[PDB]
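Asker: Those letters in the sequence shown? Residues 1 to 246, by PDB author numbering.
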Amino acid sequence: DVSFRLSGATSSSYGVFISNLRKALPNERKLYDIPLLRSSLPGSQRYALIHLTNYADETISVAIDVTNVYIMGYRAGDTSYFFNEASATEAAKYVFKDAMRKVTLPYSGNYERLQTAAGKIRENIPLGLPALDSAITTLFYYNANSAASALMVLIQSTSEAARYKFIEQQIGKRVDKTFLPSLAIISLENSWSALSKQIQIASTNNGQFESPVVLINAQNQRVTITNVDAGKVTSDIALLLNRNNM
Numbered sequence: 001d002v003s004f005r006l007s008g009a010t011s012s013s014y015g016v017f018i019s020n021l022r023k024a025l026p027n028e029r030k031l032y033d034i035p036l037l038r039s040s041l042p043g044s045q046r047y048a049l050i051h052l053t054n055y056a057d058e059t060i061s062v063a064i065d066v067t068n069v070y071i072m073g074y075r076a077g078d079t080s081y082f083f084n085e086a087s088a089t090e091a092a093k094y095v096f097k098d099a100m101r102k103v104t105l106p107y108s109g110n111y112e113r114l115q116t117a118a119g120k121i122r123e124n125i126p127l128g129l130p131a132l133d134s135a136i137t138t139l140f141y142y143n144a145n146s147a148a149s150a151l152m153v154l155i156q157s158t159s160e161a162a163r164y165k166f167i168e169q170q171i172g173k174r175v176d177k178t179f180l181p182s183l184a185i186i187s188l189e190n191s192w193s194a195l196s197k198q199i200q201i202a203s204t205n206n207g208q209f210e211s212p213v214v215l216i217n218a219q220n221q222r223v224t225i226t227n228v229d230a231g232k233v234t235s236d237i238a239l240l241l242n243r244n245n246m
């Protein structure tokens, strides 16, 4: 299992962790040096388990679908926690079976539900390694009115960081500091499927998208991305969702 420990963590060690998380995802092809994820897998191969330990030596085991890098759920101690969604229910037949206590979280794992359960938007929730420390703690003790927020930190610090080098870079940059993520980071997160699809299309369409993707830049302006060189976006995105898995 890919593992991260906060104790002694550096920018590099957070980099190694994300790099290993990406390598744990099966792919048969790369397009533009970007791993193309598998379109489907049997249940016995569909899931990976990531361990994260905070500075207080408290560990959570996080289950991801390796075809799409969505978090299905997590284990802390002898309790498993799964999102209230059909994919996570299916995951529960494979992972954390040895955890005797079983909680269904009161939301699905999508940002709309989590932001509503948390009472706040991602833009106002700190990221960075101190933030990840407190999210692990929040989840380890399942403080339920604070769990949605902690899960958004966790998802962004694992799934989203693996999908985008810029997100990885920004989270790992200053290990003793946090930041509030930009509209540019949020638009990357919201647009992963669309970009993925368009980059696969681009490979067969002379470098050009069939449908443009609108992102937000570092200056908060809407930008239209229509090819694989536009905004150097192919050197940011680091995994592709398979077009047969959308």
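Where is the CB? At the ideal position from N, CA and C, for every residue including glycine.
(1) Cutting at 8 angstroms between CB atoms, please list the residues of its own chain near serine 3, excluding the five before and the five after it.
(2) Would you check if the distance between the CB atom of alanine 76 and the CB atom of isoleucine 60 is smaller than 8 angstroms?
(3) Does the distance from the C-beta atom of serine 159 to that of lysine 120 stay below 8 angstroms?
(4) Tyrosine 47 by DSSP, collapsed to three states: which one?
(5) State the Cα-Cα distance for the pair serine 203 and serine 196, rounded to the nearest angstrom.
(6) Pull up the CB-CB distance for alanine 99 and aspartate 78, whole angstroms please, since I reckon it's below 8 angstroms.
(7) On the DSSP bridge assignment, give the partners of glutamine 208 in chain order.
(8) My parser needs the alpha helix (DSSP H) runs of 4 or more residues fully inside the region 65-146; what are they?
(9) Give me the residue from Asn143, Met152, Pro212, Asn68 with the minimum Cα distance to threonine 224.
(10) For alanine 162, which option in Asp236, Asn244, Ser40, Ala91 has the closest C-alpha, if you only look at C-alpha atoms?
(11) Following the continuous beta strand (DSSP E) through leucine 37, name the residue where it begins and the one where it ends.
(12) Who are the near neighbours of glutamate 210 in its chain, counting only those whose CB is closer than 8 angstroms to its CB and skipping five residues on each side?
(13) Starting from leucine 188 and walking both ways along the beta strand (DSSP E), at which residues does that stretch end?
(14) Our contact map puts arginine 22 next to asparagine 242 with C-beta atoms below 8 angstroms; I'd like the distance itself, whole angstroms only.
(15) Identify the residues that DSSP records as bridge partners of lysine 197: which are they?
(16) If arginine 46 and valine 69 are in contact, beta carbons under 8 angstroms, what's the gap, nearest whole angstrom?
(17) Quick one, which of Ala147, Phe179, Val95 has its alpha-carbon nearest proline 130's?
(18) Give every residue of the same chain whose Cβ lies closer than 7 angstroms to the Cβ of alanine 9, excluding the five residues on either side of it in the sequence, and list them in chain order.
(19) If you count every other CB in all the chains shown that lies within 10 Å of the CB of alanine 118, and 16 or more means buried, which is it?
Answerer: Result, derived from the coordinates:
(1) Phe17, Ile50, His51, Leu52, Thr53
(2) yes
(3) No, these two residues do not count as a Cβ contact at 8 angstroms.
(4) strand
(5) 11 angstroms
(6) 5 angstroms
(7) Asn227
(8) Residue ranges of uninterrupted alpha helix (DSSP H) with 4 or more members, entirely inside the region 65-146 and ordered along the chain, are 86-91, 111-118, 129-140.
(9) The shortest Cα separation from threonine 224 among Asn143, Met152, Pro212, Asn68 belongs to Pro212.
(10) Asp236
(11) 34-37
(12) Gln198, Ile201
(13) From DSSP, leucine 188 is part of no beta strand (DSSP E) but of the alpha helix (DSSP H) over 183-190.
(14) So it is not a contact: roughly 15 angstroms between Cβ atoms.
(15) DSSP output for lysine 197 lists no bridge partner at all.
(16) Between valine 69 and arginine 46 the Cβ distance is about 12 angstroms, and since that is not below 8 angstroms, they are no contact.
(17) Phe179
(18) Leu129, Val175
(19) buried
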